[PDB]
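Take a look at the structure below.
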Amino acid sequence: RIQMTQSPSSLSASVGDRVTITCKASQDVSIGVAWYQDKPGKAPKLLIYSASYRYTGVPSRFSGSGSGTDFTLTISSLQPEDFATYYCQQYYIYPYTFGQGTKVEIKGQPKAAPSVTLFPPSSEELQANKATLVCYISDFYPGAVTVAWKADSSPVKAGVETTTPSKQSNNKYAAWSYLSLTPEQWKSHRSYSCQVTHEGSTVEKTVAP
Amino acid sequence: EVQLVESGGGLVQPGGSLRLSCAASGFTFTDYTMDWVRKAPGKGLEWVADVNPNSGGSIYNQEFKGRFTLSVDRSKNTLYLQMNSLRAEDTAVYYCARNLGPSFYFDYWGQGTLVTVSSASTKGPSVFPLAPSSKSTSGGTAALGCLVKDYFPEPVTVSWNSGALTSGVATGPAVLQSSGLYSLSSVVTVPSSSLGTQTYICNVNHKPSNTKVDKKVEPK
Ligand SMILES: [Mg+2]
């Protein structure tokens, strides 16, 4: 029955920017609203309760406001460590509905071209009749890349899987791409390459049996 | 401080049953209300159930009534969530949490446990070394790693040297392959001279198959 409609779906803002996230309750919930911060791999952390009360340890750049139906979470001066998904929740009326979340990303941080490390198939894997090349892409910003693979000089698209870039630190991303081959395909070419495009420029690494 | 520790996650077949537990410490267990809250992929947070550790009386969200049972063991400060008639839609990270009185906001949370509801079999990983060499060395820093292939369900965890090695470690999210199995890798960068003086071992834990693998990664 009761809904908590949170907005926007996501936002990207620079370090030092003021960011605002809103939530609309479908009925009057007075000040019975809480806000949480959720980072990948970690449990949600309580930031705010009673709509505007900051929990122990929470930096003062976080503030909440509103009462009745309209609620706002404000971050006055966005910091790199604020990269997370934020959730509103109303907590008095069953079933204590959470909003759908707002993903906050940081833009405008120093740009960095990727490093590319390409690992050949291990001898153990080849002996198990399998082969995987692992392309490890690191220390890049912003966190968008595209990956292309080559067998000798020509494109290979079969057998490729690539991760979505993950933030490794307050400032850099990593990503992985995998090329699955047969041991015969691996051994029969002069080389294979992983070519990473980042902001219109490429870094390519090559391996050979 | 306050601690909440879950156990019980893993793979369950559709229609099956699974019991989670939460071990609480660092507060008067009977002074508070205990909860479970879940986070499904793509979906946000959903409160599941709460229990009064005194009476044992429980309240459930609509979709869990008659299906889930919350219970407590006062003597070992432990809460039990018994889940029956599970569906693919119940795949989620399950958290135990704490609230006070009629304010159902949660100041303390457990670490979460991932429950995957699927008709596929569990499958432990095949772990292969990604050997350091001159070809993976740049500016005197060598990259080495481990490739954790073909497992199901998530998750796997990876540490290095039993947790003694943490700086320069990058452990990637998993990829889902066409085979329906996951793979991930962990890569660590270290000084080239350390390849002769330090042993490097990746410690892989795949709790859903009760499998641990410690793979020595040797230079080649
Ligand atoms: Mg999290």
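Computed from the coordinates by the stated procedures, all read-outs in this text should not be read as laboratory data. Methodologically, a virtual Cβ is constructed for each residue, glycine included, from the backbone with ideal geometry; neighbour enumeration extends over all protein chains shown.
General remarks:
- Of the listed requirements (1) closer than 23 Å to A:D38 by Cβ; (2) within 14 Å of chain A (Cβ to nearest Cβ); (3) within 16 Å of the chain's Cα centre (by Cα); (4) not small (G, A, S), B:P125 misses just one: (1).
- Check on A:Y86, within 14 Å of chain B (Cβ to nearest Cβ), within 29 Å of B:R38 (Cβ to Cβ) and surrounded by fewer than 21 Cβ atoms within 10 Å (Cβ to Cβ): no
Residues checked against (1) within 16 Å of the ligand (Cβ to nearest atom); (2) among the hydroxyl-bearing types (S, T, Y); (3) within 14 Å of another protein chain (Cβ to nearest Cβ); (4) closer than 20 Å to B:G16 by Cα:
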| site | (1), (2), (3), (4) |
| --- | --- |
| B:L79 | no, no, no, no |
| B:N84 | no, no, no, yes |
| B:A88 | no, no, no, yes |
| B:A97 | yes, no, yes, no |
| B:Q111 | yes, no, yes, no |
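- All strands (runs of 3 or more DSSP E) inside segment A:127-191 with 3 or more residues being within 12 Å of another protein chain (Cβ to nearest Cβ) and not acidic (D, E): A:131-140, A:173-181
- Matching residues in segment A:1-52 - criterion: being more than 26 Å from the chain's Cα centre (by Cα), in contact (Cβ under 8 Å) with a residue 60 or more places away in the chain and part of a strand (DSSP E or B): A:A25
- Residue match in segment A:11-31 (condition: within 24 Å of B:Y94 (Cβ to Cβ) and polar (S, T, N, Q)): no
- When segment A:33-46 is limited to residues that are within 11 Å of chain B (Cβ to nearest Cβ) and surrounded by fewer than 22 Cβ atoms within 10 Å (Cβ to Cβ), the one that is farthest from the ligand (Cβ to nearest atom) turns out to be A:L46.
- Each residue in segment A:42-97 was checked for being touching a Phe, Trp or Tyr at 6+ places or on another chain (Cβ under 7 Å) and among the basic types (K, R), and 2 of them qualify.
- Test: residue in segment B:144-164 that is in contact with a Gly (Cβ under 7 Å, 6 or more places away or on another chain) and within 16 Å of the ligand (Cβ to nearest atom): no
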